[PDB]
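Below is one structure, written out as structure tokens, with a few remarks after it.
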Amino acid sequence: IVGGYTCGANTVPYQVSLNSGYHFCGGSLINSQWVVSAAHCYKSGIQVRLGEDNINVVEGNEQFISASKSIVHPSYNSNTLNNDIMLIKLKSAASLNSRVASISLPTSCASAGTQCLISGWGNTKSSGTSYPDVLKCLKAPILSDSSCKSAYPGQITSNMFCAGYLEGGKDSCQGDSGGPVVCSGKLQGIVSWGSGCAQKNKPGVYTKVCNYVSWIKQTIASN
Ligand SMILES: NC(=[NH2+])c1ccc2[nH]c(-c3cc([C@@H](CC(=O)[O-])C(=O)[O-])cc(Br)c3[O-])nc2c1
Ligand SMILES: [Ca+2]
Ligand SMILES: [Cl-]
């Protein structure tokens, strides 16, 4: 997260870290046995780490659970990142409490101007790499579809939306991919891509979760 602030320990109880001997992507807990992340974060040997704040220190509240299976959307296109979503089923259910909790799926899509909270342990530098130990937060608004298409002509599908600041300075970045974009307590987006991080007129692009609720429910119901 570039230009964000320190969230504060366990203030984002649905945030998870996907770990393969190091933190490589974020995710969101949607029930005690399932996490939603981005399809381009897929790999084998994933360990999901819940109740984390400092990912390099075991401070208490952490729950490390192996993924039993990862389900990448069948229509995911790694060249356009269209349908950049994946579901991960945990080997055992997590114990939910105040520090580890699920986030709700939306019933409707959000409008432009809606303010959202984006969080993650991704890079905090737009020009260089600096990875934090604790979780960073950023409040960002969803931009209009016209501004988003204007910024990324020919690259925005109906399953994506832009959120951020055209002036640059504040944005999500590599390492934050797969993590949550929550607006009014509902998971509206998944960190997916952008051109660099926090560059002027190049806001972040997110997977539009409201377009996948039925797919998510049907897939969880059958697995
Ligand atoms: N500006 C954003 N809102 C944003 C969000 C998620 C991103 N994820 C990435 C991302 C970048 C890389 C680098 C590779 C590198 O420098 O090592 C690349 O350009 O391919 C790789 C991954 Br995988 C990303 O998710 N960039 C991102 C940018
Ligand atoms: Ca820790
Ligand atoms: Cl266009």
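Ligands are numbered from 1 in the order shown, residues from 1 within each chain, and chains are lettered A, B, ... in the order they appear in the structure tokens.
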
Discussion item. Which residues are near ligand 2 in this structure, taking near to mean any atom at most 9 Å from a ligand atom and counting only C-alpha atoms and all ligand atoms? Format them as a PyMOL selection string.
Written reply: chain A and resi 49+51-62+133-134

Resulting file, chosen residues, N, CA, C and O atoms, as a tab-separated table (two decimals), in the first residue's frame:
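New file result29.tsv:
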chain	number	residue	atom	x	y	z
A	49	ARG	N	-2.61	-17.53	6.48
A	49	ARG	CA	-2.29	-16.98	7.83
A	49	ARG	C	-3.32	-15.90	8.18
A	49	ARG	O	-3.36	-14.85	7.56
A	51	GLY	N	-5.36	-13.73	11.44
A	51	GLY	CA	-5.09	-12.97	12.70
A	51	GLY	C	-3.72	-12.37	12.81
A	51	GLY	O	-3.17	-12.24	13.88
A	52	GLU	N	-3.22	-12.00	11.67
A	52	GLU	CA	-1.87	-11.39	11.59
A	52	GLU	C	-1.87	-9.84	11.60
A	52	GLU	O	-2.83	-9.21	11.20
A	53	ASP	N	-0.76	-9.34	12.09
A	53	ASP	CA	-0.56	-7.89	12.12
A	53	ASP	C	0.89	-7.91	11.63
A	53	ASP	O	1.14	-7.69	10.46
A	54	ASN	N	1.85	-8.20	12.50
A	54	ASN	CA	3.28	-8.24	12.05
A	54	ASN	C	3.46	-9.62	11.41
A	54	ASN	O	3.40	-10.59	12.14
A	55	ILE	N	3.66	-9.76	10.14
A	55	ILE	CA	3.83	-11.13	9.52
A	55	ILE	C	5.20	-11.81	9.77
A	55	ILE	O	5.39	-12.94	9.36
A	56	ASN	N	6.08	-11.11	10.42
A	56	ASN	CA	7.42	-11.68	10.70
A	56	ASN	C	7.57	-12.06	12.16
A	56	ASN	O	8.57	-12.66	12.51
A	57	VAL	N	6.60	-11.71	12.97
A	57	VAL	CA	6.65	-12.05	14.45
A	57	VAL	C	5.42	-12.80	14.91
A	57	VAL	O	4.34	-12.34	14.57
A	58	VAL	N	5.49	-13.86	15.64
A	58	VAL	CA	4.25	-14.56	16.09
A	58	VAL	C	3.97	-13.71	17.38
A	58	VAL	O	4.68	-13.78	18.36
A	59	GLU	N	2.92	-12.92	17.31
A	59	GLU	CA	2.52	-12.02	18.44
A	59	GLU	C	1.31	-12.56	19.24
A	59	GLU	O	0.97	-12.03	20.29
A	60	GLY	N	0.69	-13.57	18.71
A	60	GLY	CA	-0.49	-14.21	19.33
A	60	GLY	C	-1.65	-13.84	18.36
A	60	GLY	O	-1.55	-12.86	17.64
A	61	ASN	N	-2.68	-14.63	18.37
A	61	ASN	CA	-3.92	-14.49	17.55
A	61	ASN	C	-3.78	-15.13	16.20
A	61	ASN	O	-4.76	-15.30	15.50
A	62	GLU	N	-2.58	-15.50	15.85
A	62	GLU	CA	-2.39	-16.14	14.51
A	62	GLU	C	-2.93	-17.56	14.46
A	62	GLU	O	-2.88	-18.29	15.43
A	133	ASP	N	6.21	-4.79	7.82
A	133	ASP	CA	6.07	-5.92	8.75
A	133	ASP	C	4.60	-5.94	9.17
A	133	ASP	O	4.06	-7.02	9.29
A	134	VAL	N	4.02	-4.77	9.38
A	134	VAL	CA	2.59	-4.74	9.81
A	134	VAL	C	1.70	-4.29	8.67
A	134	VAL	O	2.17	-3.74	7.69

Practice prompt. Show which residues sit within 7 Å of segment 69-85 of chain A, as a ChimeraX atom specification. Count only C-alpha atoms, and ignore same-chain residues fewer than 5 positions away.
Written response: /A:37-40,157,159,192,207

Export of prior selection with N, CA, C and O atoms as a short mmCIF file (atom, residue, chain, number, x, y, z; two decimals), in the first residue's frame:
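Once written, selection_17.cif looks like this:
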data_model
loop_
_atom_site.label_atom_id
_atom_site.label_comp_id
_atom_site.auth_asym_id
_atom_site.auth_seq_id
_atom_site.Cartn_x
_atom_site.Cartn_y
_atom_site.Cartn_z
N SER A 37 -9.52 -14.63 -3.02
CA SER A 37 -8.27 -13.93 -3.37
C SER A 37 -8.33 -13.74 -4.89
O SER A 37 -9.38 -13.89 -5.51
N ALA A 38 -7.19 -13.44 -5.44
CA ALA A 38 -7.10 -13.22 -6.92
C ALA A 38 -6.49 -14.46 -7.60
O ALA A 38 -5.58 -15.10 -7.11
N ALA A 39 -7.04 -14.73 -8.75
CA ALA A 39 -6.56 -15.90 -9.56
C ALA A 39 -5.05 -15.82 -9.90
O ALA A 39 -4.38 -16.84 -9.90
N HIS A 40 -4.54 -14.63 -10.16
CA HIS A 40 -3.09 -14.56 -10.50
C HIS A 40 -2.18 -14.78 -9.29
O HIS A 40 -0.97 -14.73 -9.43
N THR A 157 -12.77 -4.32 -18.18
CA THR A 157 -13.96 -5.12 -18.57
C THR A 157 -15.08 -4.78 -17.58
O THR A 157 -14.88 -4.02 -16.64
N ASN A 159 -16.03 -6.53 -15.43
CA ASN A 159 -15.73 -7.23 -14.12
C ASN A 159 -14.62 -6.54 -13.36
O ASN A 159 -14.01 -7.13 -12.47
N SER A 192 -6.29 -6.25 -7.81
CA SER A 192 -5.87 -7.04 -8.99
C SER A 192 -4.65 -6.44 -9.72
O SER A 192 -3.58 -7.00 -9.63
N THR A 207 -11.07 -6.33 -8.99
CA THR A 207 -12.08 -7.30 -9.52
C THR A 207 -13.41 -6.88 -8.83
O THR A 207 -13.46 -6.70 -7.62
#

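Where the distance criterion is 7 Å and the atoms used are only C-alpha atoms and all ligand atoms, the residues close to ligand 1 are residues 40, 41, 171, 172, 173, 174, 175, 176, 177, 191, 192, 193, 194, 195, 196, 197, 198, 203, 204 and 205 of chain A.
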
Could you please take those selected residues and save N, CA and C atoms as a PDB file, in the first residue's frame?
ATOM      1  N   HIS A  40      -4.544 -14.626 -10.159  1.00  0.00           N
ATOM      2  CA  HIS A  40      -3.085 -14.558 -10.495  1.00  0.00           C
ATOM      3  C   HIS A  40      -2.176 -14.782  -9.291  1.00  0.00           C
ATOM      4  N   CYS A  41      -2.762 -15.025  -8.148  1.00  0.00           N
ATOM      5  CA  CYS A  41      -1.966 -15.286  -6.916  1.00  0.00           C
ATOM      6  C   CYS A  41      -1.911 -16.825  -6.759  1.00  0.00           C
ATOM      7  N   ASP A 171      -2.145   4.358  -3.262  1.00  0.00           N
ATOM      8  CA  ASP A 171      -2.644   3.221  -4.128  1.00  0.00           C
ATOM      9  C   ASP A 171      -2.213   1.875  -3.498  1.00  0.00           C
ATOM     10  N   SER A 172      -2.694   0.796  -4.058  1.00  0.00           N
ATOM     11  CA  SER A 172      -2.302  -0.544  -3.554  1.00  0.00           C
ATOM     12  C   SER A 172      -1.109  -0.816  -4.509  1.00  0.00           C
ATOM     13  N   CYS A 173      -0.409  -1.871  -4.248  1.00  0.00           N
ATOM     14  CA  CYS A 173       0.775  -2.232  -5.089  1.00  0.00           C
ATOM     15  C   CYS A 173       1.029  -3.750  -5.007  1.00  0.00           C
ATOM     16  N   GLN A 174       2.067  -4.164  -5.671  1.00  0.00           N
ATOM     17  CA  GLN A 174       2.422  -5.610  -5.676  1.00  0.00           C
ATOM     18  C   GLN A 174       2.494  -6.051  -4.200  1.00  0.00           C
ATOM     19  N   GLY A 175       1.987  -7.214  -3.964  1.00  0.00           N
ATOM     20  CA  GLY A 175       2.008  -7.743  -2.577  1.00  0.00           C
ATOM     21  C   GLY A 175       0.656  -7.594  -1.955  1.00  0.00           C
ATOM     22  N   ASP A 176      -0.079  -6.643  -2.457  1.00  0.00           N
ATOM     23  CA  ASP A 176      -1.451  -6.420  -1.912  1.00  0.00           C
ATOM     24  C   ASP A 176      -2.498  -7.239  -2.726  1.00  0.00           C
ATOM     25  N   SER A 177      -2.080  -7.693  -3.879  1.00  0.00           N
ATOM     26  CA  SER A 177      -2.955  -8.505  -4.797  1.00  0.00           C
ATOM     27  C   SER A 177      -3.708  -9.591  -4.043  1.00  0.00           C
ATOM     28  N   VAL A 191      -7.966  -6.697  -4.865  1.00  0.00           N
ATOM     29  CA  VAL A 191      -6.803  -5.972  -5.433  1.00  0.00           C
ATOM     30  C   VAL A 191      -6.340  -6.840  -6.643  1.00  0.00           C
ATOM     31  N   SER A 192      -6.287  -6.251  -7.811  1.00  0.00           N
ATOM     32  CA  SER A 192      -5.867  -7.035  -8.994  1.00  0.00           C
ATOM     33  C   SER A 192      -4.652  -6.438  -9.715  1.00  0.00           C
ATOM     34  N   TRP A 193      -4.796  -5.327 -10.397  1.00  0.00           N
ATOM     35  CA  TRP A 193      -3.614  -4.752 -11.111  1.00  0.00           C
ATOM     36  C   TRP A 193      -3.640  -3.221 -11.205  1.00  0.00           C
ATOM     37  N   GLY A 194      -2.685  -2.701 -11.930  1.00  0.00           N
ATOM     38  CA  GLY A 194      -2.540  -1.228 -12.156  1.00  0.00           C
ATOM     39  C   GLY A 194      -1.231  -1.032 -12.937  1.00  0.00           C
ATOM     40  N   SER A 195      -0.961   0.185 -13.323  1.00  0.00           N
ATOM     41  CA  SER A 195       0.287   0.503 -14.086  1.00  0.00           C
ATOM     42  C   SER A 195       1.206   1.114 -13.040  1.00  0.00           C
ATOM     43  N   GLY A 196       2.133   0.319 -12.573  1.00  0.00           N
ATOM     44  CA  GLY A 196       3.073   0.840 -11.545  1.00  0.00           C
ATOM     45  C   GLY A 196       2.178   0.967 -10.308  1.00  0.00           C
ATOM     46  N   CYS A 197       2.624   1.764  -9.388  1.00  0.00           N
ATOM     47  CA  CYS A 197       1.861   1.987  -8.156  1.00  0.00           C
ATOM     48  C   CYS A 197       1.966   3.481  -7.857  1.00  0.00           C
ATOM     49  N   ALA A 198       0.813   3.989  -7.503  1.00  0.00           N
ATOM     50  CA  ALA A 198       0.546   5.410  -7.132  1.00  0.00           C
ATOM     51  C   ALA A 198       0.994   6.401  -8.199  1.00  0.00           C
ATOM     52  N   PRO A 203      -4.838   4.817 -11.708  1.00  0.00           N
ATOM     53  CA  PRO A 203      -5.426   4.292 -10.451  1.00  0.00           C
ATOM     54  C   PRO A 203      -5.376   2.756 -10.440  1.00  0.00           C
ATOM     55  N   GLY A 204      -5.708   2.203  -9.309  1.00  0.00           N
ATOM     56  CA  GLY A 204      -5.680   0.712  -9.228  1.00  0.00           C
ATOM     57  C   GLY A 204      -6.973   0.173  -9.831  1.00  0.00           C
ATOM     58  N   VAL A 205      -6.835  -1.041 -10.310  1.00  0.00           N
ATOM     59  CA  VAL A 205      -7.952  -1.785 -10.940  1.00  0.00           C
ATOM     60  C   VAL A 205      -8.188  -2.998 -10.015  1.00  0.00           C
TER      61      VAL A 205
END

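If one restricts the calculation to only C-alpha atoms and all ligand atoms, the set of residues situated within 7 Å of ligand 3 consists of residues 149, 150, 153, 154, 155 and 156 of chain A.
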
Discussion item. Which of chain A end up as strand (DSSP E) when DSSP is run on this backbone - answer as a PyMOL selection string?
Written reply: chain A and resi 5-6+15-19+23-31+34-37+47-50+63-72+86-90+115-120+136-141+160-163+180-183+186-193+204-208

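Residue nearest residue 15 of chain A within the list A:163, A:182, A:65, A:116: A:182 [criterion: smallest interatomic distance, only C-alpha atoms].
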
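Closest approach to residue 201 of chain A among A:213, A:183, A:135, A:143 is made by A:143 (distances from only C-alpha atoms).
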